[PDB]
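# Give me coordinates for this.
(chains A and B)
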Amino acid sequence: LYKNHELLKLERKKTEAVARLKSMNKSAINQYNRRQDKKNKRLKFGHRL
Amino acid sequence: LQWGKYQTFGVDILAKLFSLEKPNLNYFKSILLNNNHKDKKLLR
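Numbers count the residues shown, from 1 in each chain, chains lettered A, B, ... in the order given. Find the structure here:
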């Protein structure tokens, strides 16, 4: 019981580190796609004028 | 030893209840170191 609780708690710490690492990647990927979008909508407005 | 064996059950209860560093461990820590209003008054 003591070993599993320690191991399970350690795994929960691992999930927090993992979700956090993953969350920051998701935010990062979304931001990059937003930069490309703005750049495109801009170039598109220019090319229409 | 021959007087009784009911003490071993208490030892076993404590060893297993302490295993849960959640509600049980927090409660025992608070009690050993030191409607919810009624519970606080009754505890004091």
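# Next secondary structure element downstream of the one helix or strand residue B:27 maps to?
Taking DSSP states H and E as the definition, residue B:27 sits inside helix B:23-33. For helix B:23-33, the succeeding helix or strand toward the C-terminus, using DSSP H and E, is helix B:36-43.
# one step back: dump the C-alpha coordinates for the helix holding residue B:27 into CSV.
Extracted in CSV, the C-alpha atoms of helix B:23-33 (Å, rounded to 0.1, in the frame of the first residue of the first chain):
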residue,chain,number,x,y,z
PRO,B,23,-8.1,12.8,4.3
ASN,B,24,-6.9,10.2,6.9
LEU,B,25,-3.3,11.5,7.1
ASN,B,26,-4.3,15.2,7.3
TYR,B,27,-6.9,14.4,10.1
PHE,B,28,-4.4,12.4,12.2
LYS,B,29,-1.7,15.1,11.8
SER,B,30,-4.1,17.9,12.9
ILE,B,31,-5.2,15.8,15.9
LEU,B,32,-1.8,14.6,17.1
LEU,B,33,0.0,18.0,16.7
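# Can you pull the residues of chain A lying near chain B?
By the criterion of C-beta under 8 Å from any C-beta of the partner chain, the positions of chain A lying close to chain B are A:1-2, A:5, A:9. C-beta here means a position set from N, CA and C on the backbone, and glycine is covered the same way.
# rerun at 7 Å
By the rule C-beta under 7 Å from any C-beta of the partner chain, the part of chain A lying against chain B is A:1-2, A:5.
# what residues does the helix holding residue B:27 touch?
The contact list for helix B:23-33, computed with C-beta atoms under 7 Å, 6 or more residues apart in numbering or on different chains, reads B:17-18.
# buried residues in it?
Using 16 or more other C-beta atoms under 10 Å in any protein chain shown as the burial criterion, none of the residues of helix B:23-33 qualify.
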